[PDB]
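Engineer: please work out how this folds:
(26 chains)
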Amino acid sequence: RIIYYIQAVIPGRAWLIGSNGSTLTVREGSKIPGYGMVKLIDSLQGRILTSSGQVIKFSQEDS
Amino acid sequence: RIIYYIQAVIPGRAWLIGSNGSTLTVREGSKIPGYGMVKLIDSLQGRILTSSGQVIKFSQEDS
Amino acid sequence: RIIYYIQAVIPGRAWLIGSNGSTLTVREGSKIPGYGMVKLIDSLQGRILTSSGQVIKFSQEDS
Amino acid sequence: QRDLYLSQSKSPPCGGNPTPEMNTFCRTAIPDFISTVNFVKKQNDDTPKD
Amino acid sequence: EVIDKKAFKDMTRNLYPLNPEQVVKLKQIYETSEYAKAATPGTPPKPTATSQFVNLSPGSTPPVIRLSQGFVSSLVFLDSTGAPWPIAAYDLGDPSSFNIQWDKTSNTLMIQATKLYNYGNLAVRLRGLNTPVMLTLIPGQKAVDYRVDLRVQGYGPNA
Amino acid sequence: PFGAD
Amino acid sequence: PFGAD
Amino acid sequence: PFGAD
Amino acid sequence: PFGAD
Amino acid sequence: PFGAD
Amino acid sequence: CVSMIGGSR
Amino acid sequence: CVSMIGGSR
Amino acid sequence: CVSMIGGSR
Amino acid sequence: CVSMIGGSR
Amino acid sequence: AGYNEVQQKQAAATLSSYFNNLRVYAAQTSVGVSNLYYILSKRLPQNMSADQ
Amino acid sequence: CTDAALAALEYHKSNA
Amino acid sequence: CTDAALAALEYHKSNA
Amino acid sequence: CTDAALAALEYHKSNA
Amino acid sequence: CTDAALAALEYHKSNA
Amino acid sequence: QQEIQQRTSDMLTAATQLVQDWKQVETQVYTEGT
Amino acid sequence: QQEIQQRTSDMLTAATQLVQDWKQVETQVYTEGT
Amino acid sequence: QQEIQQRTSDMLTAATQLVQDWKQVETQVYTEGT
Amino acid sequence: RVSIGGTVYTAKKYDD
Amino acid sequence: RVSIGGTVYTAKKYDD
Amino acid sequence: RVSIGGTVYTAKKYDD
Amino acid sequence: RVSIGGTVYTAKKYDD
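Structural biologist: Numbers count the residues shown, from 1 in each chain, chains lettered A, B, ... in the order given. Sharing the structure here:
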């Protein structure tokens, strides 16, 4: 599938960058292709829980 | 049918954009094509409860 | 027949616009065509009740 | 003296952001002083009804 | 050394005496309060751009212009052919409740109702007309005459 | 102040 | 102060 | 203030 | 002040 | 304040 | 004649 | 007619 | 809706 | 996570 | 209205002489500021051609 | 509401 | 939630 | 960490 | 030095 | 018994306020076009 | 029983400034382009 | 019983200035290009 | 409810 | 809850 | 934890 | 030792 990494995150919105170069913005509840819908957005640790158990983190080579 | 998603809401009026691009503003009691009449406008939640039971929310790609 | 809608209302005079484009102004007591004579003007709700039981409101489009 | 103030209400001390005490004295009138003074009633007040 | 941590507990108490939970609490009460103010009570007036024909025959009622407190309403003046009709001048009746602005050449007057409920009347002396056009102006109505086409009975310098 | 506002 | 916010 | 920061 | 106002 | 400095 | 804002049910 | 921000559940 | 700054384990 | 100038041996 | 004429004209004279002192003062200043502003104004640029 | 208005109106026009 | 606001609305529109 | 966040979130969504 | 630092690190990681 | 006079001072102080707002009649203004 | 009057005084100080802000309306502006 | 009132005073002075930092809005600027 | 002449006449109790 | 007539109309207890 | 409605909803005890 | 969350987490006793 397509891999997203949280480009930058604040309480509420979180802007994401994917492996296709696509950019997106997500809130507490928002649909993501493949990942499902976001359950939570922790800006403190740069982490997002989505429904599929998949965990969105800052990309390794930028964090 | 034609799905209209909310563009803006305050206590009272609510400005709505359709699937055909038509724009409208609505109050407590007004006739909307299809959904019937607005029953209540919940402003901070960005919600409209109509007579036909259909709930009008902000567009997912807009909220 | 010709349906008149409310054009604006304040305590006393009420200005009114119909399907023929004619504009009129009405007080507590006046002969208004078709509906007979106006029993009262309720300004804070935007209503005109007349003798014939017919009730004049702001049009659905302009309210 | 109250008449003197109220003849100039457009000007202080009865106008122009007056202090609330002066404002109150501008509002209130002067009661009759002789009528309030009565000794039989206050005498009854001092003595117990018993 | 217990003194150091006891003092510092008292310190995270007093220098930042609104802990982060309480800071966000105060943020939300402030937000809810100003929103509760900003909410216009009842439904607000509906923004409606209307078109009306001005008849200057005797016995006709003057056109009605609906305002809203703090909002701009643009009256444009057109003749029977729909072309712009420039304004020669105007006179504000009760300028204490309405403020009109208008560049000296155009045919458009924009109006704000400065107070909320006071209604008045407004005269506009037009370019080619001998009888001017007078309109009643009422604010606080269930709608705003958001921009109004005035189809004056006459013919202007543009045909 | 009426209820049909 | 709603819960569906 | 969590322990996975 | 009359009633036929 | 370490000892491997 | 009626002042409706002077209304009371 | 409802100013729901004065709301209580 | 969650402000984890007001968070507590 | 660890600031070891906040270090105690 | 509980007034009279003695201190009426008295205080009238006092305030009026006060403002009179103000205006004579102000005229004497206007003299000096007028010459200073003329010295300043001999040295300001002026536009000679009407067309900019 | 309105019925109070009719009652008050007729009571006014009944008493001069 | 919405039931409280709607109930308040009907009770307001029922009591003039 | 997160578990308190989910618990408080569902508690706020359940108690409106 | 290092071992005390890692012990404090794991203590902070385990206690959220 | 004195509450009526206290609200008397308040109610007059407000009523005079409304009435001299009422006596306010501004002058009308004209803008002559270019 | 002093609580009611104390808190009402705080209410006057608040509500007066609120109504004073809501009385405020400012004049619109007109920016004429070049 | 005095701790409650002293601490209410400390963070009422706090909350006032937090609100003041919230009420400020600093206007944007326009820099225009040569 | 009060008219324009000065006299006050009111309805007693009327609901809608 | 408060209406626009100035009189107060509130619901009693409703949750979702 | 606190919501945006102004009413405080918190979890009890949750460790990760 | 003190973490970033503000809660103090320390080791007890260690040496090298």
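Engineer: in chain K, which residue sits closest to chain U?
Structural biologist: Using CB to the nearest CB, the single residue of chain K nearest to chain U is residue K:5, 18.0 Å away. (C-beta placed from N, C-alpha, C; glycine too.)
Engineer: now do stretch O:15-31: distance to the chain's middle.
Structural biologist: Offset of stretch O:15-31 from its chain centre (CA atoms, centre = their mean, to the nearest Å): 6 Å.
Engineer: same check on stretch O:44-52?
Structural biologist: For stretch O:44-52, the distance to the chain centre is 32 Å (CA atoms, centre = their mean).
Engineer: span of it from start to end?
Structural biologist: Counting by CA to CA, to the nearest Å, you get 17 Å between the two ends of stretch O:44-52.
Engineer: I'd like to check which residues are in contact with the residue lying closest to the residue of chain K closest to chain U once chain neighbours are set aside.
Structural biologist: Nearest residue to residue K:5 in three dimensions, chain neighbours excluded: residue C:44, at 5.7 Å (CB to CB, 6 or more residues apart in numbering or on different chains). Residues near residue C:44 by CB atoms under 8 Å, 6 or more residues apart in numbering or on different chains: F:2, F:5, K:4-5, K:7.
Engineer: which of the residues you listed tops the neighbour count?
Structural biologist: For the contacts of residue C:44, neighbours were counted using other CB atoms under 10 Å in any protein chain shown, and residue F:2 has the most, 27 neighbours in all.
Engineer: whatever residue of chain A ends up closest to chain E and residue H:2, how far apart?
Structural biologist: In chain A, the residue that lies nearest chain E is residue A:11 (8.9 Å; CB to the nearest CB). With distances taken as CB to CB, to the nearest Å, residue A:11 is found 14 Å from residue H:2.
Engineer: wait, the residue of chain K closest to chain U touches residue F:2, no?
Structural biologist: No - with contacts counted by CB atoms under 8 Å, residue K:5 stays clear of residue F:2, the gap being 9.7 Å.
Engineer: past the strand or helix carrying residue T:14, which element shows up next along the chain?
Structural biologist: Secondary structure assignment for residue T:14, by DSSP states H and E: helix T:3-22. Counting by DSSP H and E, the element after helix T:3-22 in chain order, helix or strand, is strand T:29-32.
Engineer: strand partners (parallel or antiparallel) of that next one?
Structural biologist: As defined by DSSP bridges, the strand partners of strand T:29-32 come to strand E:87-92 (antiparallel).
Engineer: and the contacts of the helix or strand that comes right after the partner strand?
Structural biologist: Counting by DSSP H and E, the next helix or strand C-terminal to strand E:87-92 is strand E:98-101. Under the criterion CB under 8 Å, 6+ apart, residues E:67, E:90, E:92, E:109-114, E:120, E:122, E:137, E:139, T:31, U:27-28, U:30 lie in contact with strand E:98-101.
Engineer: try it again with 7 Å
Structural biologist: Under the criterion CB atoms under 7 Å, 6 or more residues apart in numbering or on different chains, residues E:90, E:92, E:109-114, E:120, E:137, U:27-28, U:30 lie in contact with strand E:98-101.
Engineer: tell me the two of the residues you listed that are most distant?
Structural biologist: The span of these, defined through CB to CB, is set by E:120 and U:30 at 20.9 Å.
Engineer: which one's more surrounded, those two?
Structural biologist: Of the pair residue E:120 and residue U:30, residue E:120 is the one with more neighbours under other CB under 10 Å, namely 19 against 10.
Engineer: ok, the spatially closest residue to that one that is not a sequence neighbour - how many residues close by?
Structural biologist: Nearest residue to residue E:120, sequence neighbours excluded (CB to CB, 6+ apart): residue E:94, at 3.7 Å. By other CB under 10 Å, the residues close to residue E:94 number 19.
Engineer: for chain S, see how far away residue E:94 is.
Structural biologist: As defined by CB to the nearest CB, to the nearest Å, residue E:94 lies at a distance of 67 Å from chain S.
Engineer: for that residue, grab phi and psi.
Structural biologist: Residue E:94 adopts backbone torsions of phi 60, psi 70, taken as degrees, to the nearest 10.
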